[PDB]
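> Experimental structure and sequence below.
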Amino acid sequence: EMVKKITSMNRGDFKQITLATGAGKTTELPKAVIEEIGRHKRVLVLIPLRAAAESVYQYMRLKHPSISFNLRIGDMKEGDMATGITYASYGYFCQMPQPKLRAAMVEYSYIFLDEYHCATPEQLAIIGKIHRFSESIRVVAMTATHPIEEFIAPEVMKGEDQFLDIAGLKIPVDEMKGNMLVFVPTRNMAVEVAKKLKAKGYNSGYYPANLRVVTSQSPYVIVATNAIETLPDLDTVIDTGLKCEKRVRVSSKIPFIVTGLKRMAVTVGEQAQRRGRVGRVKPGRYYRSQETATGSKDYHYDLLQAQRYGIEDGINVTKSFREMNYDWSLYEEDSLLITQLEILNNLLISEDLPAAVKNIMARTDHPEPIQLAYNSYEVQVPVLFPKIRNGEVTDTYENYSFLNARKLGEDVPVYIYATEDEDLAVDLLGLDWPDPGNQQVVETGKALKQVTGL
């Protein structure tokens, strides 16, 4: 039925498709579109995960031997002209330079965007990069967006006397005749307060081989992280409603960009994963905490990692994102931070990147190679900041391949981009970030003070 909606479209129109019925919104809708449009025509489907693109590819070449199917999760294909439907990852087209990306994308009758709501750096790069020639393409963006009892589990006050201590959540002792699953933010608590249940008397386990031995005996009470990737006869769910995910702080004073792991609330979909862990077998329970699960995923960190894919081509990934989201209306905007990340994206690409630094990004194991690109405007040698452990300065450092870095000492560098832990060392060692020495970063700073005021 939605086929004649999709087949109304000219080159230069976009549609958002909400419906996600059956085991394949991304399987059945393009099938129906290529039935109507013809097997002589190439159709593109873009899937976040590499494995999901392969899984859907295997299933569709099996259910449908009349229609041709193609997989693109690896290396580039030059002059690629496969005539059927193509299941590809976003990372695949993220290899492509802008002439090649254009040359690839105009060759399709339709381009289907699957699970745009994940907002991975490869996703935000692609969707922003294709909107640059939005006039030449037909773009369709689709998404997904037994009894369970609701109680907001109340927070435990310090020094307080039919309840048990579960990381500051009030859950009754009577619910320890069942089988319960604890969701926690810190990668540390799932070792510690999971040990505590065993130190209280409750049979417990953390986050494969250790899981199989733990799962068999009862009562079982497990503390776990975000691993949907079901469960042996799960009775009850407890949720702290929080997670540990990356944030980006922007300031007009050095360091301009600060990033790191932070305790933030989950989304509605990410909560539905926690709400939907029990129930299917028998009517189970749900105990969340007193924080609102957000409507959208806060993507601003991934948007920063996304800027890396615009450097070689000279594309402002953040500018390209802003305009795409004005036309297509895919995501929620924090106007101020988006506006702030843009001026930094003007700094990032204001100059040609030095050939040496352009090598280091490609071959290193640094989790944030973008940090090297931002700091190259002020620093010619990367700086090893002493690692922070349990909020305190250590003697340990990060050994990252190809960095050729200088250890901090007391010499504090002029950094445009820093980490919370790097910023904390400078607080705690009793030290100060110096002022900008390069005028282009001065210019960016003046601009960021201006855009916060309004």
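Looks like it arrived, so ask away. Numbers count the residues shown, from 1 in each chain.
> going forward, measure contacts and count neighbours with C-alpha atoms only.
Will do.
> Show the contacting residues for residue 171.
Residue 171 makes contact with 153, 162, 163, 164, 165, 287 under the criterion Cα atoms under 8 Å, 6 or more residues apart in numbering.
> strand partners of the host helix or strand of the fifth one, parallel vs antiparallel please.
If you go by DSSP states H and E, residue 165 is part of strand 164-166. Pairing partners of strand 164-166, with direction, according to DSSP bridges: strand 169-171 (antiparallel).
> gap between the partner strand and the chain center?
30 Å (Cα atoms, centre = their mean, to the nearest Å).
> Mind listing the strands the following helix or strand past that strand pairs with, and their directions?
Downstream of strand 169-171, the first helix or strand assigned by DSSP H and E is strand 180-183. Using DSSP bridges, strand 180-183 pairs in its sheet with strand 221-224 (parallel), strand 236-239 (parallel).
> Export the last one to CSV, keeping only CA atoms.
Read it as strand 236-239. C-alpha atoms of strand 236-239 as CSV (Å, rounded to 0.1, in the frame of the first residue of the first chain):
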residue,chain,number,x,y,z
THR,A,236,11.3,-9.6,37.7
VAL,A,237,13.2,-6.5,36.3
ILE,A,238,14.8,-3.7,38.4
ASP,A,239,16.0,-0.5,36.5
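> What about the residue lying closest to residue 193 once chain neighbours are set aside, how many residues nearby?
In space, residue 193 comes closest to residue 167 once its chain neighbours are excluded; the distance is 7.1 Å by Cα to Cα, 6 or more residues apart in numbering. Neighbour count for residue 167, taken as other Cα atoms under 10 Å: 14.
> Make JSON lines out of the strands paired with strand 180-183 and add mean neighbour count.
Listed next are these as JSON lines, based on neighbours: other Cα atoms under 10 Å:
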{"stretch": "strand 221-224", "mean neighbour count": "23"}
{"stretch": "strand 236-239", "mean neighbour count": "24"}
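> If you count neighbours, what's buried in the helix or strand where residue 104 lies?
Assigned by DSSP H and E, residue 104 belongs to helix 98-105. Neighbour-count burial for helix 98-105 flags 98, 101, 102, 104, 105 (criterion: 16 or more other Cα atoms under 10 Å).
> Let me know the closest of these to residue 386.
residue 98 (39.4 Å; Cα to Cα).
> Can you give me the separation between that closest one and residue 132?
If you measure residue 98 against residue 132 using Cα to Cα, to the nearest Å, the figure is 9 Å.
> Repeat that for residue 68.
Taken as Cα to Cα, the span from residue 68 to residue 132 is 29 Å.
> now residue 188
43 Å.
> ditto for residue 181
Taking Cα to Cα, one finds residue 181 at 46 Å from residue 132.
> more crowded one of these two?
residue 181 (21 against 16).
> Now that the more buried one has come up, it's in contact with residue 238, right?
Yes - with contacts counted by Cα atoms under 8 Å, residue 181 reaches residue 238, the gap being 5.7 Å.
> Out of the contacts of residue 171, which two are the most distant from each other?
So, the contacts of residue 171 by Cα to Cα: farthest apart are 162 and 287, at 15.1 Å.
> Would you mind telling me which of those two has the busier surroundings?
residue 287 (24 against 8).
> which residues touch the residue nearest to that one when sequence neighbours are not counted?
In this structure, residue 287 finds its nearest non-sequential neighbour in residue 238, 4.7 Å apart by Cα to Cα, 6+ apart. By Cα under 8 Å, 6+ apart, the residues touching residue 238 are 180, 181, 182, 183, 286, 287, 288.
> May I see these organised as TSV, with distance to residue 3 added?
Converted to TSV, these look like this (distance: Cα to Cα, whole Å):
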residue	distance to residue 3
180	45
181	43
182	44
183	41
286	40
287	42
288	41
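> of those residues, closest to residue 306?
Out of those, the member with the shortest distance to residue 306 (by Cα to Cα) is residue 183, at 28.9 Å.
> Quick check, that closest one in contact with residue 223.
Yes - contact criterion Cα under 8 Å: residue 183 and residue 223 qualify, at 6.0 Å.
> ok, the helix or strand hosting residue 285: who's next to it in the sheet?
Using DSSP H and E, residue 285 sits in strand 284-288. Looking at strand 284-288 with DSSP bridges, its partner strands are strand 148-152 (parallel), strand 236-239 (parallel).
> which other helices and strands contact the next helix or strand after the shortest one?
Toward the C-terminal end, the helix or strand that comes next after strand 236-239 (DSSP H and E) is strand 242-250. The criterion is 3 or more Cα pairs under 8 Å, 6 or more residues apart in numbering; DSSP states H and E, and the helices and strands that strand 242-250 contacts are strand 257-265, helix 300-306, helix 335-348.
> swap the cut-off to 7 Å and go again
strand 257-265, helix 300-306 (3 or more Cα pairs under 7 Å, 6 or more residues apart in numbering; DSSP states H and E).
> Let's have those in CSV, adding distance to residue 138 and mean neighbour count.
Below are those laid out as CSV (distance: least, Cα to Cα, whole Å; neighbours: other Cα atoms under 10 Å):
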stretch, distance to residue 138, mean neighbour count
strand 257-265, 36, 18
helix 300-306, 23, 21
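> Next, format those as TSV and append distance to residue 279.
Compiled in TSV, the helices and strands packed on strand 242-250 are given as follows (distance: least, Cα to Cα, whole Å):
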stretch	distance to residue 279
strand 257-265	23
helix 300-306	33
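> Name the nearest residue to the spatially most central residue of the chain, sequence neighbours excluded.
Nearest to the mean C-alpha position of the chain, by Cα atoms, centre = their mean, lies residue 120 at 4.4 Å. Excluding its sequence neighbours, the residue lying closest to residue 120 (Cα to Cα, 6+ apart) is residue 302, at 6.0 Å.
> for residue 438, same thing?
residue 378 (6.2 Å).
> Roughly how far does residue 133 sit from residue 102?
From residue 133 to residue 102 the distance is 7 Å (Cα to Cα).
> One more: residue 357?
For residue 357 relative to residue 102 (Cα to Cα), the value is 27 Å.
> Next, the contact list for residue 324, please.
Counting by Cα atoms under 7 Å, 6 or more residues apart in numbering, residue 324 makes contact with 128, 131.
> and it, that's in a helix?
Yes - counting by DSSP: H, G, I helix; E, B strand; the rest coil, residue 324 falls inside a helix.
> In the stretch 51-200 of the chain, mark out all the strands, start to finish.
69-72, 85-89, 110-113, 139-142, 148-152, 164-166, 169-171, 180-183 (DSSP state E, counting those that start in this stretch).
> Run through who's touching the helix or strand containing residue 274.
For residue 274, the enclosing helix or strand under DSSP H and E is helix 268-275. Applying Cα under 7 Å, 6+ apart, the set of residues contacting helix 268-275 from outside is 286, 293, 294, 295.
> cool, and stretch 2-22?
Taking Cα under 7 Å, 6+ apart as the rule, stretch 2-22 contacts 32-33, 134-144, 328.
> Now with 8 Å, please.
25, 29, 32-33, 36, 134-145, 328.
> rewinding a little: relative to residue 92, which of the helices and strands packed on strand 242-250 is closest?
It is, among these and with distance given as Cα to Cα, helix 300-306, at 14.2 Å.
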